[PDB]
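Cβ coordinates were reconstructed from backbone atoms using ideal geometry, including for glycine residues, and neighbour counts include every protein chain displayed. What follows draws every value from the coordinates through simple rules; no lab data is involved.
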Amino acid sequence: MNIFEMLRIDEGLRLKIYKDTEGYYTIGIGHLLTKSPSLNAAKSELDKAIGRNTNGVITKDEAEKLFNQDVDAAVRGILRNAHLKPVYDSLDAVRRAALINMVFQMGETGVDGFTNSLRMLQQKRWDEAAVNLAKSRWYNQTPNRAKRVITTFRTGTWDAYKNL
């Protein structure tokens, strides 16, 4: 299991514009297009991203290309963020995958707000961190996914995804 297979399980794959859990226009493997309510704005962002007239539809290869970009960008964002970098650097390879999963879903800004949990992870207080992470809007809104990520931080194994 790796970050790519993990996110592929969490986000799914859709080749036509769809609305995400928050109701925003998305395509491919969780590639947020826009928070704007306009499908037109979304198709526009889509075409700009792929470099062609897509007409709201992309191929598998195109979805995977976006996906490769998004993962790279998530990693690079964590590395540049003064709050996140130190946590990431302190973690083992599996747990790093868990942080990248949060960043990909909720952005740097979204995660950078889990201050207390981040401190706990840094300290390697796994159980405590698992409990603190669960006291979040994130967990209340996307409980199944949040549980998988949380288990991942708690155990340092891919058990929650071996299921799936």
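Numbers at a glance
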| item | result |
| --- | --- |
| Theoretical gain in end-to-end length, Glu5 to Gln141 [0.36 nm per residue, Cα-Cα removed] | 46.7 nm |
| Point-to-point label distance, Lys124-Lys85, nm (Cα→Cβ direction, 7 Å offset) | 2.3 nm |
| Which of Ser44, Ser117 has the fewest Cβ neighbours within 10 Å, and the rest in rising order | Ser44, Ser117 |
| Cα-based Rg / Dmax (Å) for the chain | 16.2, 49 |
| Segment 5-24 and segment 114-164: distance between their alpha carbon centers, rounded to Å | 20 Å |
| Rounded to whole Hz, the Karplus (6.51, -1.76, 1.60) HN-Hα couplings of segment 84-91, x for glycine and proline | 8, 3, x, 5, 4, 4, 6, 8 |
| Subset of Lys16/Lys162; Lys16/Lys65; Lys16/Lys48 violating a 20 Å alpha-carbon distance limit | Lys16/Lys162 |
| Compactness index (Cα Rg / 2.2 N^0.38 Å), segment 1-97 | 1.19 |
| C-alpha long axis of helix 93-111 to longest principal axis of the chain, angle in ° | 60 degrees |
| Approximate spin-label separation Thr155-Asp72, in nm, with each point projected 7 Å along Cα-to-Cβ | 3.3 nm |
